[PDB]
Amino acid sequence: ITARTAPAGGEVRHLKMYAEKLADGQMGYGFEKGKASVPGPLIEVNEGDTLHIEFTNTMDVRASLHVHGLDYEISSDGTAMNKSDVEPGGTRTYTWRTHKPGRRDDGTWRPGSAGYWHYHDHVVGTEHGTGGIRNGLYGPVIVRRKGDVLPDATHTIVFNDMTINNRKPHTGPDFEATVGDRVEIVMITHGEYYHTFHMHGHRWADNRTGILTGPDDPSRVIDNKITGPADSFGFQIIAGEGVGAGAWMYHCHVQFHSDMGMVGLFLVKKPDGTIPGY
């Protein structure tokens, strides 16, 4: 493999994070005050890393940080029940850990932390974060295994109820690549509805990485994936591989959802920057 690959983990990392009310009534996470986003910023670590997150709640209601997949003690689970949320104006340090896979004392195989995961609020509106998730308090987390192939770019697509990334219907988001780029997609679902994520012109493996290890990998190859609230998966594709440049739609394939605006464009450009037809 002459693609770039992830190194062995084991670093201690520190991060500052905020929750902020946005002017339009949404709520977002950010690494810097005044720079919150929906979805929140991507967090990327290597198996074995530890992450300490000093989280400041700048809002006038309690809020928290809850993460899927990664190791955390009960004091970092982000729930009111376990006294793990954060009062208005307060600050709390959360700790997320990750571990490599390996053989247990009893001979069984402990799975590693690697995967496409996500974080979100757990106390805004209800004790399950229903109002916080609705308002935009969610973001992606990637844990890489040593040797995983690294992409040119990562895009995050969140089906939150009947919106993509809390955007107005029929406003994408769109993103751009050049034929041949290695593009990574993190796909997260939140809210009340099931969805089916579909991409024109591209396909991926329904496994941890979205990639086949080789000719022995039995994972199915798909272009359409059912998802429900708090499901997270990811994959990498070679933009335009075997199909060329174009305005490649991605959308939820539930027909009513598609018709109501759950559609975006994967704009794959020729080496001269053009898109066939535009």
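Sequential numbering from 1, following the sequence displayed.
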property: Average Cα temperature factor in the PDB entry - higher stretch of 104-112, 182-190; result: 104-112
property: Stretch with the higher entry mean CA B-factor, where the candidates are 137-145 and 74-82; result: 74-82
property: Highest-ranked of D231, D60, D49, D223 once sorted by CA temperature factor in the record; result: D60
property: Highest recorded Cα temperature factor - choice among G28, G242, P215, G210; result: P215
property: Cα B factor band for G132 (lowest, middle or highest third within the chain); result: middle
property: Ranked C-alpha temperature factor of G89 among modelled chain residues, by third; result: middle
property: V124, C-alpha B-factor rank within chain (lowest, middle or highest third); result: lowest
property: CA B-factor placement of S219, once the chain's modelled residues are sorted into thirds; result: highest
property: Where the record places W117 (Cα B-factor, split into thirds across the chain); result: lowest
